[PDB]
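Each remark here refers to the structure printed beneath this line.
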Amino acid sequence: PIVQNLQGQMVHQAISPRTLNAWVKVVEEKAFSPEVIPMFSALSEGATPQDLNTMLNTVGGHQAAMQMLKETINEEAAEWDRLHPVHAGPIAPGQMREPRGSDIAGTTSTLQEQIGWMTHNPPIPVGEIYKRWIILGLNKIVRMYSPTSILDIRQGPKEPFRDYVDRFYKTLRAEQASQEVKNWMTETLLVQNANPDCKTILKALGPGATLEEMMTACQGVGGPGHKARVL
Amino acid sequence: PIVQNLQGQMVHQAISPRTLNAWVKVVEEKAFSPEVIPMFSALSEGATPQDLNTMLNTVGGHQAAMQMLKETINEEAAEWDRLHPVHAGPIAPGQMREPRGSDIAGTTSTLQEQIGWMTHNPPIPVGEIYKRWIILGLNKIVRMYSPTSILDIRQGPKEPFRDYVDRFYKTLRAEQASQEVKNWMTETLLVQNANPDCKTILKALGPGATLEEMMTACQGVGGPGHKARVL
Amino acid sequence: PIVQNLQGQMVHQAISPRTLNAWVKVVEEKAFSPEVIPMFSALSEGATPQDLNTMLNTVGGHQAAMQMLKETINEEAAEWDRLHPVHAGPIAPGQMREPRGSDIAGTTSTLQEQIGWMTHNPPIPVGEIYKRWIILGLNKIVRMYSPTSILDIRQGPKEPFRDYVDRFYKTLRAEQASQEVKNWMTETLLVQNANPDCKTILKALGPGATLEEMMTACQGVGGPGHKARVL
Amino acid sequence: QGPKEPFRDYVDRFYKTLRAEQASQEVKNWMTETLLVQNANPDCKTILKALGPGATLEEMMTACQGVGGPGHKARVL
Amino acid sequence: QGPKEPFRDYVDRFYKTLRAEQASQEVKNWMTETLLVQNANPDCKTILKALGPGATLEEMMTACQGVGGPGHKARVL
């Protein structure tokens with residue numbers, strides 16, 4: 001992708017073979033797992049759209065998800081060609097020619113044209129826009145392959161608090177809902193699917209708990225839960 | 001992270017994939033082991049909160065523990081926003097307006113914004129402070145995974161001192177207590193938690209003696225202690 | 001209450017004995033009912049503190065709830081005095097003097113001066129805030145009243161859908177939540193708390209059905225949505 | 001409070017009686033705090049003491065509403 | 001503390017023992033925090049656990065004073 005500045009104006013270089021080995025390895029070990037999403041954001045420096053497409057094009061096994069992601073990207077591209085302040089008719093000499101929806105992606109764009117609007121005059125955030133569409137599509141994929149729904153996460157008689165909490169955190173990324181609402185929901189749900197034995201001690205911790213306080217309580221041997229006081 | 005000196009002014013680069021692969025692989029094996037805390041201290045060169053945020057997000061197995069660390073960062077940021085430099089608020093043009101307690105973490109602060117104040121003005125400790133918070137969180141995480149407390153570890157009947165000492169020092173590394181208390185406690189704690197065969201040999205060396213002197217004698221006697229003085 | 005405009009300057013006028021009897025009748029038959037809050041809101045014309053205080057003081061049966069509500073007014077008044085515009089005592093001669101939080105109370109300010117500072121010079125919302133604080137006390141009374149929770153309303157085998165949804169709407173009167181939160185929470189409950197055979201119909205109907213659409217289907221399947229010759 | 005009497009009937013009588021008390025308010029407030037623990041039945045009294053010193057009527061009510069009354073709560077038919 | 005042993009009797013033996021130890025002010029305090037929680041009788045211990053971290057000795061003693069005996073059962077029926 002694009003690199004260098006302090007040592008002189010940016011050059012658009014070839015993608016790393018080491019990063020390609022890592023991308024293939026990460027997919028082979030954990031294809032549908034959430035940690036791929038921040039990893040993709042981390043190594044996508046310079047974010048040239050043409051290079052970003054190569055990561056999507058080189059996928060083996062779960063190619064169907066990548067094709068669905070491409071259909072989703074094309075839907076987002078269509079919005080950029082309508083809803084947003086897209087250019088009307090003629091364009092003057094020397095100009096980079098303000099991107100259309102399909103010009104964002106490599107299928108109908110030439111590499112020098114793409115680099116041209118990324119740094120010839122004021123930069124267009126095409127790499128960030130294309131990358132954002134990919135993250136939005138990846139968020140749709142993790143809830144398309146999720147085995148357990150939020151109500152499916154439960155704790156049987158012999159299960160400890162550790163596993164019960166871990167499965168909620170694993171399924172958390174597939175929830176895709178408003179954060180303030182999600183927080184409010186999460187505290188109700190923990191009490192709800194707990195084992196009767198566990199529910200009594202968890203209700204003994206009572207209202208107004210934080211994750212750290214809950215984890216602190218969960219680290220013990222099981223403090224007082226109280227049965228039969230009025231009996 | 002911000003790196004470069006001999007070739008000129010520092011540049012904000014991205015995390016190494018070799019380091020990311022190593023960080024994932026070490027956590028796959030040594031998930032809660034104490035040496036992770038020095039490794040994280042060594043993997044945070046040129047410390048930048050934006051890059052550090054990603055390292056916590058790419059975690060596999062212990063996402064639940066990581067959310068408690070994230071909550072700890074929110075509490076420390078809140079403490080920073082209240083009991084440390086709050087900041088005036090309104091400020092004249094030609095200034096970078098400084099980081100608020102929330103802005104130390106990449107949640108309310110954007111990429112270039114953090115780099116700008118660390119580069120345009122003398123070093124801002126935001127990376128150092130965020131790193132210190134992560135180390136505090138990791139210390140709390142090992143505590144929340146601990147299995148045996150100080151009086152829970154008592155030597156077995158046929159167990160030798162070797163295996164007991166191995167467990168004791170590993171347990172001690174996760175305690176998070178004063179060095180004076182730890183040194184002073186060790187002298188009576190080993191004698192009081194030892195089995196009868198071990199304790200008989202252990203008291204033979206007697207008062208004053210340092211760990212090297214005791215260990216040298218113990219290595220010679222070996223095993224789970226040889227039989228006493230009445231048979 | 002103070003009334004009149006079309007005939008000229010405003011005047012203080014007495015409440016109807018029928019209005020007082022209507023309130024007393026509501027207290028006798030439905031004291032803790034959630035329908036009391038809009039009924040009280042409908043009957044509480046104007047907002048002058050002395051006449052508002054009469055409504056609270058004429059209650060019979062639930063004296064403790066009224067005492068707790070009265071304490072809640074004091075709690076809000078204290079917050080209003082010190083966390084909202086406190087203002088300051090010295091002001092030039094010929095003013096009506098801006099009320100403090102303790103002056104809002106019926107036991108503190110006299111009727112002649114109380115109406116006098118509420119309309120001689122541009123209005124002060126002294127009554128408006130008192131009515132607002134009464135609603136907070138009523139929200140607390142709904143919590144004390146609460147006999148069943150939203151998760152506790154579960155359809156039996158021989159319990160009709162109409163009885164179940166009527167019970168669900170009744171416990172929703174006491175839900176006490178934000179507009180954003182309840183619009184997300186309510187959606188899952190309808191199939192979650194429905195009986196197994198009733199769930200089959202709801203599952204078949206699927207996501208995309210609003211309340212009018214869902215009610216139309218339920219009206220069409222009869223009773224709890226049974227499985228005997230209704231197809 | 002009776003041996004099989006719920007908290008609600010007991011607090012209702014206490015507050016009904018309180019209306020006709022006729023004494024200085026600050027003096028009453030001290031007495032009123034003590035009376036709640038004093039006249040409660042052994043089984044229901046425990047929760048008032050459990051919340052300890054400096055609790056409000058609202059804080060007490062929340063615990064009291066959860067407890068309800070003596071023994072076990074009835075069955076259908 | 002045994003199940004038939006009240007809190008004052010348990011406290012008395014601890015202080016008598018503590019005077020003979022001859023130790024630094026921080027260490028005695030820092031051991032006192034965990035010792036009371038660890039060696040209290042099971043019935044009595046719950047009251048201490050319910051109070052939990054924080055406060056001072058008079059506040060803890062005030063809570064204990066109200067329940068009496070060896071974590072005594074105030075309830076009789």
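Ordering of the structure tokens sets the chain letters (A, B, ...), residue numbers begin anew at 1 in every chain, and ligands are numbered from 1 in the order given.
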Practice prompt. Write out as a ChimeraX atom specification the residues lying within 10 Å of stretch 61-77 of chain E, counting only C-alpha atoms and excluding same-chain residues fewer than 6 positions away.
Written response: /A:229-231 /D:3,41-46,49-50,52-53,71 /E:1-10,40-48,51
Please dump the current selection as a JSON list (two decimals), in the first residue's frame; keep N, CA and C atoms.
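Everything below was put into selection-v1.json:
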[["chain", "number", "residue", "atom", "x", "y", "z"],
["A", 229, "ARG", "N", -34.49, -18.61, 56.05],
["A", 229, "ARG", "CA", -34.47, -17.68, 57.18],
["A", 229, "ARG", "C", -35.80, -17.44, 57.86],
["A", 230, "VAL", "N", -36.89, -17.30, 57.09],
["A", 230, "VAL", "CA", -38.22, -17.05, 57.61],
["A", 230, "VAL", "C", -39.01, -18.34, 57.83],
["A", 231, "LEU", "N", -38.41, -19.50, 57.50],
["A", 231, "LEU", "CA", -39.03, -20.80, 57.66],
["A", 231, "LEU", "C", -38.64, -21.40, 59.03],
["D", 3, "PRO", "N", -47.84, -13.24, 65.17],
["D", 3, "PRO", "CA", -46.96, -14.35, 64.79],
["D", 3, "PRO", "C", -47.10, -14.78, 63.34],
["D", 41, "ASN", "N", -42.17, -8.59, 64.60],
["D", 41, "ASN", "CA", -42.12, -9.95, 65.12],
["D", 41, "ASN", "C", -40.73, -10.54, 64.93],
["D", 42, "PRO", "N", -40.21, -11.46, 65.75],
["D", 42, "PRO", "CA", -38.85, -12.00, 65.64],
["D", 42, "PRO", "C", -38.39, -12.37, 64.23],
["D", 43, "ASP", "N", -39.20, -13.14, 63.48],
["D", 43, "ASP", "CA", -38.87, -13.53, 62.12],
["D", 43, "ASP", "C", -38.71, -12.36, 61.13],
["D", 44, "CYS", "N", -39.60, -11.36, 61.18],
["D", 44, "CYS", "CA", -39.55, -10.24, 60.26],
["D", 44, "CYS", "C", -38.64, -9.10, 60.72],
["D", 45, "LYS", "N", -38.40, -8.96, 62.03],
["D", 45, "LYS", "CA", -37.54, -7.97, 62.65],
["D", 45, "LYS", "C", -36.10, -7.97, 62.16],
["D", 46, "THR", "N", -35.55, -9.17, 61.90],
["D", 46, "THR", "CA", -34.18, -9.40, 61.46],
["D", 46, "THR", "C", -33.73, -8.58, 60.26],
["D", 49, "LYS", "N", -32.79, -4.78, 61.05],
["D", 49, "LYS", "CA", -31.48, -4.69, 61.67],
["D", 49, "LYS", "C", -30.34, -4.99, 60.70],
["D", 50, "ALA", "N", -30.59, -5.87, 59.70],
["D", 50, "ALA", "CA", -29.67, -6.26, 58.65],
["D", 50, "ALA", "C", -29.21, -5.11, 57.77],
["D", 52, "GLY", "N", -28.99, -2.10, 58.82],
["D", 52, "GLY", "CA", -28.21, -1.31, 59.77],
["D", 52, "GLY", "C", -28.44, 0.19, 59.82],
["D", 53, "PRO", "N", -27.68, 0.87, 60.68],
["D", 53, "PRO", "CA", -27.77, 2.31, 60.91],
["D", 53, "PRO", "C", -27.75, 3.22, 59.69],
["D", 71, "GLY", "N", -43.22, -17.28, 57.67],
["D", 71, "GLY", "CA", -43.28, -18.60, 57.05],
["D", 71, "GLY", "C", -43.22, -18.68, 55.54],
["E", 1, "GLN", "N", -12.84, -19.70, 66.90],
["E", 1, "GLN", "CA", -14.12, -19.63, 67.58],
["E", 1, "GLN", "C", -14.93, -20.89, 67.35],
["E", 2, "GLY", "N", -15.45, -21.52, 68.42],
["E", 2, "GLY", "CA", -16.30, -22.70, 68.33],
["E", 2, "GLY", "C", -17.76, -22.32, 68.11],
["E", 3, "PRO", "N", -18.65, -23.25, 67.78],
["E", 3, "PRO", "CA", -20.07, -22.95, 67.56],
["E", 3, "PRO", "C", -20.80, -22.61, 68.84],
["E", 4, "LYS", "N", -20.26, -22.93, 70.03],
["E", 4, "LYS", "CA", -20.91, -22.62, 71.28],
["E", 4, "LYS", "C", -20.19, -21.47, 71.97],
["E", 5, "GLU", "N", -19.39, -20.66, 71.23],
["E", 5, "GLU", "CA", -18.59, -19.58, 71.79],
["E", 5, "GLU", "C", -18.96, -18.19, 71.29],
["E", 6, "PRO", "N", -19.51, -17.29, 72.11],
["E", 6, "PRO", "CA", -19.84, -15.91, 71.73],
["E", 6, "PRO", "C", -18.66, -15.07, 71.24],
["E", 7, "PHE", "N", -18.95, -13.98, 70.51],
["E", 7, "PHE", "CA", -17.96, -13.08, 69.94],
["E", 7, "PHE", "C", -17.03, -12.40, 70.95],
["E", 8, "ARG", "N", -17.53, -11.90, 72.11],
["E", 8, "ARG", "CA", -16.67, -11.28, 73.11],
["E", 8, "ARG", "C", -15.58, -12.18, 73.69],
["E", 9, "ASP", "N", -15.92, -13.45, 73.97],
["E", 9, "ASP", "CA", -15.01, -14.47, 74.45],
["E", 9, "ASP", "C", -13.92, -14.78, 73.42],
["E", 10, "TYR", "N", -14.30, -14.87, 72.12],
["E", 10, "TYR", "CA", -13.39, -15.02, 70.99],
["E", 10, "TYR", "C", -12.41, -13.84, 70.83],
["E", 40, "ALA", "N", -13.50, -17.18, 62.50],
["E", 40, "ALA", "CA", -14.83, -17.05, 63.08],
["E", 40, "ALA", "C", -15.64, -18.33, 62.85],
["E", 41, "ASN", "N", -16.57, -18.68, 63.76],
["E", 41, "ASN", "CA", -17.39, -19.88, 63.63],
["E", 41, "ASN", "C", -18.35, -19.75, 62.43],
["E", 42, "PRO", "N", -18.69, -20.81, 61.68],
["E", 42, "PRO", "CA", -19.55, -20.73, 60.50],
["E", 42, "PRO", "C", -20.83, -19.90, 60.59],
["E", 43, "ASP", "N", -21.63, -20.07, 61.66],
["E", 43, "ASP", "CA", -22.86, -19.32, 61.88],
["E", 43, "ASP", "C", -22.59, -17.82, 62.07],
["E", 44, "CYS", "N", -21.60, -17.47, 62.91],
["E", 44, "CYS", "CA", -21.15, -16.12, 63.21],
["E", 44, "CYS", "C", -20.51, -15.42, 62.00],
["E", 45, "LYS", "N", -19.75, -16.18, 61.19],
["E", 45, "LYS", "CA", -19.00, -15.69, 60.05],
["E", 45, "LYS", "C", -19.79, -14.94, 58.98],
["E", 46, "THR", "N", -21.00, -15.40, 58.65],
["E", 46, "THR", "CA", -21.91, -14.80, 57.67],
["E", 46, "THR", "C", -22.17, -13.33, 57.91],
["E", 47, "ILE", "N", -22.37, -12.91, 59.19],
["E", 47, "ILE", "CA", -22.58, -11.53, 59.59],
["E", 47, "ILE", "C", -21.37, -10.65, 59.22],
["E", 48, "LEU", "N", -20.14, -11.17, 59.46],
["E", 48, "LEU", "CA", -18.88, -10.54, 59.08],
["E", 48, "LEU", "C", -18.70, -10.45, 57.57],
["E", 51, "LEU", "N", -21.11, -7.71, 56.10],
["E", 51, "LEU", "CA", -20.52, -6.40, 56.31],
["E", 51, "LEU", "C", -19.39, -6.11, 55.32]]
TODO: Compute the post-superposition RMSD of the C-alpha atoms of chain E relative to chain D, with atoms paired in order and the fit done by least squares.
DONE: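 The RMSD between chain E and chain D over C-alpha atoms is 3.2 Å.
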Counting only C-alpha atoms, which residues in chain B sit no more than 9 Å from chain A? For each one, give the nearest pair of atoms and the distance in Å, sorted by chain then residue number, as JSON lines.
{"residue": "B:7", "atom": "CA", "partner": "A:7", "partner_atom": "CA", "distance": 8.7}
{"residue": "B:8", "atom": "CA", "partner": "A:6", "partner_atom": "CA", "distance": 8.1}
{"residue": "B:9", "atom": "CA", "partner": "A:6", "partner_atom": "CA", "distance": 8.0}
{"residue": "B:11", "atom": "CA", "partner": "A:6", "partner_atom": "CA", "distance": 8.0}
{"residue": "B:13", "atom": "CA", "partner": "A:45", "partner_atom": "CA", "distance": 8.5}
{"residue": "B:14", "atom": "CA", "partner": "A:42", "partner_atom": "CA", "distance": 6.9}
{"residue": "B:15", "atom": "CA", "partner": "A:42", "partner_atom": "CA", "distance": 7.2}
{"residue": "B:16", "atom": "CA", "partner": "A:43", "partner_atom": "CA", "distance": 8.5}
{"residue": "B:17", "atom": "CA", "partner": "A:19", "partner_atom": "CA", "distance": 6.7}
{"residue": "B:18", "atom": "CA", "partner": "A:18", "partner_atom": "CA", "distance": 8.5}
{"residue": "B:20", "atom": "CA", "partner": "A:39", "partner_atom": "CA", "distance": 8.8}
{"residue": "B:21", "atom": "CA", "partner": "A:22", "partner_atom": "CA", "distance": 7.7}
{"residue": "B:51", "atom": "CA", "partner": "A:42", "partner_atom": "CA", "distance": 7.8}
{"residue": "B:54", "atom": "CA", "partner": "A:38", "partner_atom": "CA", "distance": 6.3}
{"residue": "B:55", "atom": "CA", "partner": "A:38", "partner_atom": "CA", "distance": 8.8}
{"residue": "B:57", "atom": "CA", "partner": "A:38", "partner_atom": "CA", "distance": 6.5}
{"residue": "B:58", "atom": "CA", "partner": "A:35", "partner_atom": "CA", "distance": 4.6}
{"residue": "B:59", "atom": "CA", "partner": "A:35", "partner_atom": "CA", "distance": 6.6}
{"residue": "B:60", "atom": "CA", "partner": "A:35", "partner_atom": "CA", "distance": 6.7}
{"residue": "B:61", "atom": "CA", "partner": "A:166", "partner_atom": "CA", "distance": 8.0}
{"residue": "B:62", "atom": "CA", "partner": "A:166", "partner_atom": "CA", "distance": 7.3}
{"residue": "B:63", "atom": "CA", "partner": "A:169", "partner_atom": "CA", "distance": 6.2}
{"residue": "B:64", "atom": "CA", "partner": "A:169", "partner_atom": "CA", "distance": 5.8}
{"residue": "B:65", "atom": "CA", "partner": "A:215", "partner_atom": "CA", "distance": 8.8}
{"residue": "B:67", "atom": "CA", "partner": "A:211", "partner_atom": "CA", "distance": 8.1}
{"residue": "B:68", "atom": "CA", "partner": "A:212", "partner_atom": "CA", "distance": 5.8}
{"residue": "B:69", "atom": "CA", "partner": "A:212", "partner_atom": "CA", "distance": 8.7}
{"residue": "B:71", "atom": "CA", "partner": "A:212", "partner_atom": "CA", "distance": 7.6}
{"residue": "B:72", "atom": "CA", "partner": "A:212", "partner_atom": "CA", "distance": 8.0}
{"residue": "B:143", "atom": "CA", "partner": "A:219", "partner_atom": "CA", "distance": 8.6}
{"residue": "B:144", "atom": "CA", "partner": "A:219", "partner_atom": "CA", "distance": 5.9}
{"residue": "B:145", "atom": "CA", "partner": "A:219", "partner_atom": "CA", "distance": 7.6}
{"residue": "B:146", "atom": "CA", "partner": "A:219", "partner_atom": "CA", "distance": 8.2}
{"residue": "B:147", "atom": "CA", "partner": "A:219", "partner_atom": "CA", "distance": 8.9}
I need the chosen residues saved as a CSV table (one decimal), in the first residue's frame, with N, CA, C and O atoms.
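Once everything was written out, this is selection.csv:
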chain,number,residue,atom,x,y,z
B,7,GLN,N,17.5,8.3,11.8
B,7,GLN,CA,17.1,8.7,10.4
B,7,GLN,C,16.2,10.0,10.4
B,7,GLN,O,15.8,10.5,9.4
B,8,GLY,N,15.9,10.6,11.6
B,8,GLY,CA,15.1,11.8,11.7
B,8,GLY,C,14.0,11.7,12.8
B,8,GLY,O,14.0,10.8,13.7
B,9,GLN,N,13.0,12.6,12.7
B,9,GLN,CA,11.8,12.7,13.6
B,9,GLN,C,11.0,11.4,13.6
B,9,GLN,O,10.8,10.7,12.6
B,11,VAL,N,8.1,8.6,13.5
B,11,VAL,CA,6.9,8.3,12.7
B,11,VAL,C,6.1,7.3,13.3
B,11,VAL,O,6.5,6.3,14.0
B,13,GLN,N,4.2,4.1,13.2
B,13,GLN,CA,4.1,2.9,12.4
B,13,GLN,C,3.0,2.0,13.0
B,13,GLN,O,2.4,2.3,14.0
B,14,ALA,N,2.8,0.8,12.5
B,14,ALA,CA,1.8,-0.2,13.0
B,14,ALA,C,2.6,-1.3,13.7
B,14,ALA,O,3.8,-1.5,13.5
B,15,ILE,N,1.8,-2.1,14.5
B,15,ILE,CA,2.4,-3.3,15.2
B,15,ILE,C,3.0,-4.3,14.2
B,15,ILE,O,2.5,-4.6,13.1
B,16,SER,N,4.1,-5.0,14.6
B,16,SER,CA,4.7,-6.0,13.8
B,16,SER,C,3.9,-7.3,13.7
B,16,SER,O,3.4,-7.7,14.7
B,17,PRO,N,3.7,-7.9,12.5
B,17,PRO,CA,2.9,-9.1,12.4
B,17,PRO,C,3.6,-10.3,13.1
B,17,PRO,O,2.9,-11.1,13.7
B,18,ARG,N,5.0,-10.3,13.2
B,18,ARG,CA,5.8,-11.3,13.9
B,18,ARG,C,5.5,-11.2,15.4
B,18,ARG,O,5.2,-12.2,16.0
B,20,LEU,N,2.6,-9.8,16.6
B,20,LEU,CA,1.2,-10.2,16.8
B,20,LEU,C,1.0,-11.7,16.8
B,20,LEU,O,0.3,-12.2,17.7
B,21,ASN,N,1.7,-12.4,15.9
B,21,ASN,CA,1.7,-13.9,15.9
B,21,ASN,C,2.3,-14.5,17.2
B,21,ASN,O,1.7,-15.4,17.8
B,51,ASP,N,-2.7,1.6,19.2
B,51,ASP,CA,-2.1,0.3,18.9
B,51,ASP,C,-2.3,-0.6,20.0
B,51,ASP,O,-2.6,-1.8,19.8
B,54,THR,N,-5.8,-2.4,20.2
B,54,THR,CA,-5.8,-3.5,19.3
B,54,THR,C,-5.3,-4.8,19.9
B,54,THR,O,-5.9,-5.9,19.7
B,55,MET,N,-4.2,-4.8,20.6
B,55,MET,CA,-3.6,-5.9,21.3
B,55,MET,C,-4.5,-6.6,22.3
B,55,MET,O,-4.5,-7.9,22.3
B,57,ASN,N,-7.9,-6.3,21.9
B,57,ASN,CA,-9.0,-6.7,21.1
B,57,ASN,C,-8.8,-8.0,20.3
B,57,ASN,O,-9.7,-8.7,19.9
B,58,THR,N,-7.5,-8.4,20.0
B,58,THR,CA,-7.2,-9.6,19.2
B,58,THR,C,-7.1,-10.8,20.1
B,58,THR,O,-6.8,-11.9,19.6
B,59,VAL,N,-7.3,-10.7,21.4
B,59,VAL,CA,-7.2,-11.8,22.3
B,59,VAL,C,-8.3,-12.9,22.1
B,59,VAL,O,-9.5,-12.6,21.8
B,60,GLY,N,-7.9,-14.2,22.1
B,60,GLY,CA,-8.8,-15.3,21.9
B,60,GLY,C,-9.5,-15.7,23.1
B,60,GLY,O,-10.6,-15.2,23.4
B,61,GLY,N,-9.1,-16.8,23.8
B,61,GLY,CA,-9.7,-17.4,25.0
B,61,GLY,C,-10.2,-16.6,26.1
B,61,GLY,O,-11.4,-16.8,26.5
B,62,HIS,N,-9.4,-15.7,26.7
B,62,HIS,CA,-9.8,-14.9,27.8
B,62,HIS,C,-10.3,-13.5,27.6
B,62,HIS,O,-10.0,-12.5,28.2
B,63,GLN,N,-11.3,-13.4,26.7
B,63,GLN,CA,-12.1,-12.2,26.4
B,63,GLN,C,-12.8,-11.6,27.6
B,63,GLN,O,-12.8,-10.4,27.8
B,64,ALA,N,-13.3,-12.4,28.5
B,64,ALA,CA,-14.0,-12.1,29.7
B,64,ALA,C,-13.0,-11.3,30.7
B,64,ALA,O,-13.3,-10.3,31.2
B,65,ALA,N,-11.8,-11.9,30.9
B,65,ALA,CA,-10.8,-11.3,31.7
B,65,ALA,C,-10.3,-9.9,31.1
B,65,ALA,O,-10.2,-9.0,31.8
B,67,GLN,N,-12.2,-7.9,29.3
B,67,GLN,CA,-13.3,-6.9,29.6
B,67,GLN,C,-13.1,-6.3,31.0
B,67,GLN,O,-13.3,-5.1,31.2
B,68,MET,N,-12.7,-7.1,32.0
B,68,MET,CA,-12.4,-6.6,33.4
B,68,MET,C,-11.2,-5.7,33.4
B,68,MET,O,-11.2,-4.6,34.0
B,69,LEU,N,-10.2,-6.0,32.6
B,69,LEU,CA,-9.1,-5.1,32.3
B,69,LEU,C,-9.5,-3.8,31.6
B,69,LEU,O,-9.1,-2.7,32.1
B,71,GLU,N,-12.6,-2.5,31.9
B,71,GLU,CA,-13.3,-1.8,33.0
B,71,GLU,C,-12.4,-1.1,33.9
B,71,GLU,O,-12.6,0.0,34.3
B,72,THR,N,-11.2,-1.8,34.3
B,72,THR,CA,-10.2,-1.2,35.1
B,72,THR,C,-9.6,0.0,34.5
B,72,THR,O,-9.4,1.1,35.2
B,143,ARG,N,-4.6,-12.8,39.6
B,143,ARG,CA,-5.3,-12.9,40.9
B,143,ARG,C,-6.7,-13.6,40.7
B,143,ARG,O,-7.1,-14.5,41.5
B,144,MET,N,-7.5,-13.2,39.7
B,144,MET,CA,-8.8,-13.8,39.4
B,144,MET,C,-8.8,-15.2,38.8
B,144,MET,O,-9.8,-15.8,38.7
B,145,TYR,N,-7.6,-15.7,38.4
B,145,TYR,CA,-7.4,-17.1,37.9
B,145,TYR,C,-6.7,-18.0,39.0
B,145,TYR,O,-6.6,-19.2,38.8
B,146,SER,N,-6.2,-17.4,40.1
B,146,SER,CA,-5.5,-18.1,41.1
B,146,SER,C,-6.3,-19.3,41.8
B,146,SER,O,-7.5,-19.2,41.9
B,147,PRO,N,-5.7,-20.4,42.1
B,147,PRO,CA,-6.4,-21.5,42.6
B,147,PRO,C,-6.3,-21.7,44.1
B,147,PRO,O,-7.2,-22.1,44.8
Hey, which bits of chain B sit within 12 Å of chain E, and for each residue what's the closest pair of atoms and how far apart in Å (one decimal), counting only C-alpha atoms, rows by chain and increasing number, as JSON lines?
{"residue": "B:149", "atom": "CA", "partner": "E:34", "partner_atom": "CA", "distance": 11.8}
{"residue": "B:150", "atom": "CA", "partner": "E:34", "partner_atom": "CA", "distance": 11.5}
{"residue": "B:151", "atom": "CA", "partner": "E:38", "partner_atom": "CA", "distance": 10.3}
{"residue": "B:152", "atom": "CA", "partner": "E:38", "partner_atom": "CA", "distance": 11.9}
{"residue": "B:177", "atom": "CA", "partner": "E:30", "partner_atom": "CA", "distance": 11.0}
{"residue": "B:178", "atom": "CA", "partner": "E:27", "partner_atom": "CA", "distance": 11.0}
{"residue": "B:180", "atom": "CA", "partner": "E:27", "partner_atom": "CA", "distance": 10.3}
{"residue": "B:181", "atom": "CA", "partner": "E:27", "partner_atom": "CA", "distance": 7.9}
{"residue": "B:182", "atom": "CA", "partner": "E:27", "partner_atom": "CA", "distance": 11.4}
{"residue": "B:184", "atom": "CA", "partner": "E:27", "partner_atom": "CA", "distance": 10.3}
{"residue": "B:185", "atom": "CA", "partner": "E:27", "partner_atom": "CA", "distance": 10.3}
Rounded to one decimal in Å, what is the spacing between atom CA of residue A:140 and atom CA of residue A:50?
->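 Spanning atom CA of residue A:140 to atom CA of residue A:50 is a straight-line distance of 22.7 Å.
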- Query: Which residues in chain E does DSSP call helix (DSSP H, G or I)? List them as a ChimeraX atom specification.
  - Reply: /E:7-21,25-39,42-51,57-67
Selection near residue B:198, 8 Å with only C-alpha atoms, sequence-local residues under 2 positions removed, as JSON, numbers by chain: {"B": [160, 161, 194, 195, 196, 200, 201, 202, 224, 225]}
Between atom CA of residue B:129 and atom CA of residue B:142, what distance in Å does the model show, to one decimal?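 Interatomic distance here is 20.5 Å.
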Which is closer to chain D than all the others in E:59, E:21, E:12, E:33, using only C-alpha atoms?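 Between E:59, E:21, E:12, E:33, the residue approaching chain D most closely is E:59.
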With only C-alpha atoms as the counted atoms, please give the residues lying no more than 12 Å from stretch 107-110 of chain A, apart from itself and same-chain residues fewer than 2 positions off, as a ChimeraX atom specification. /A:48-50,53-54,57,70,74,96-97,99-105,112-117,126
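When atom CA of residue B:133 is paired with atom CA of residue B:73, their separation reads 5.9 Å.
If only C-alpha atoms are the atoms counted, then among E:60, E:23, E:11, E:35 the closest residue to chain D is E:60.
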Of D:19, D:37, D:25, D:32, the one nearest to chain E when counting only C-alpha atoms is D:37
